[PDB]
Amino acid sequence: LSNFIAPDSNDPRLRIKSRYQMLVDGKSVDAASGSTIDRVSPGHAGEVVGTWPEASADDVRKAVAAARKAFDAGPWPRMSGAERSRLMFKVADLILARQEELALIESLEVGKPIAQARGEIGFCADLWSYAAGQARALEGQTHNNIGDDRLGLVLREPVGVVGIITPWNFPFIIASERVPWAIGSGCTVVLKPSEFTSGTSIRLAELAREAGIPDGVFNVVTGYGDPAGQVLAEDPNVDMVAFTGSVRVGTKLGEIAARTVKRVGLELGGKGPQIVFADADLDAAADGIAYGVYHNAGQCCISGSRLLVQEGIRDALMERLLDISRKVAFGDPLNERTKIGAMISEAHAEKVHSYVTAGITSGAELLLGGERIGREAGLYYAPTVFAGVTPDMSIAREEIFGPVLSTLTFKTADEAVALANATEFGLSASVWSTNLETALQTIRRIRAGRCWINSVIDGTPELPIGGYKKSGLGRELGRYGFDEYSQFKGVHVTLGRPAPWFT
């Protein structure tokens, strides 16, 4: 393919073969067993780019005890909001001081284009900064009007020990969307990144240490899903599990956590529509459609995976979309020109292709792609577009998590809302229209937590994120995330004595 950029396994940066340790109670540690996991660069076949411990259940429980002691006995929850804030600002500063190093790690472990990784690192420094600024102003309420003899207080307090589990598609970003709100709320944390992508999360805990946030406030453990996931969800000393990843894994940890009334925060998958009306800015919308589906090679929960297009502009929109799709640079994650990088693993690329196969067998019309590219060099899947998709097809309903767009048409705004909502998911949606009523009413009527008008993907630390329906529980970011990691205590204070019950 003309737009494919082949990698160069001779890149000097591939010779750095970083080895990492877990960080538990301030100390960098191996697994008791000494076992390790290697990460092979998905963009560069056979090139080992990271190794970290494979934790046992007991290794993870030690991380929990460190977080527990840090919360029960340590200074962190006792400090002022301002003191907590100053330390978190130092982490934000260190993230920028190490931007190049951190972006390289993400690119190599995830297969993320390096330019995209570099931008994500800077956005993470901004997340830490936002949260640091808000951490000191966290408040509760006074009720000075419940009777002269009484005063009502609602006090904000930390939930306690939070286990945070993060996925392979946006490792650093997801840690930075969770950890700062949790510890900023006065919580202590055990972070468990994906077995594929633990490098930047270990570095992040090491930066917090260098900052230096007290021992055991921010711990990181590494390993496969099974030990760590079960442990954090059932350990008595963990007060909350904040999970980000698939519905399948989310619901399992959710069921486990419910056994002991553990608070649960879930950010899960979706099948996000972009609705393009006939009066949209056609060039802006076409570019947004491509961005929505190809960003992170479509390995994105807020991907625009369904394109719902009004009948009258379907042809003009498809033409512009295919043109972008044929020209957009994909391949080598280390090339500064690359816009779309590698699939995370062979099993995942296989999953994506199997949906492309089901699409074809369903009768949907393949317009572009639908095959692996540069198979010898690494894991790459072609930009893929289906037309003629109907709502019943498995490709219109299930989350593919690859660069695969399903196109459906509609005639009226009412039909478009009905199609957008005919999903068990409810994470994201975009509406493209220049019409005040169409844009606002459509967005108001779609059951999705993360919405956009005349845009896609790009958000701000200032606004809350989360899903409706099966795409999640709770709300992160903005001021909302602090409520996720806080308990609220209602206090009825009687000054003097109450009226007696026994007369």
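The first residue of the shown sequence is 1; numbering continues from there.
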| query | finding |
| --- | --- |
| Mean Cα B-factor comparison, 122-130 or 254-262, giving the higher one as deposited | 254-262 |
| Segment of higher mean CA temperature factor, 313-321 or 201-209 | 313-321 |
| Peak C-alpha temperature factor (PDB record), options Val162, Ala420, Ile395, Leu155 | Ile395 |
| Selection from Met88, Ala82, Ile173, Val385 [criterion: highest C-alpha temperature factor in the record] | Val385 |
| Ranked against its chain, the third holding the CA B-factor of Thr409 | highest |
| Chain-relative CA temperature factor third for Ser455 | lowest |
| Chain third (lowest, middle, highest) by recorded CA B-factor, residue given as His295 | lowest |
| Among modelled residues of the same chain, the CA temperature factor third for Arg78 | highest |
| For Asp239, the third of its chain into which the C-alpha B factor falls | middle |
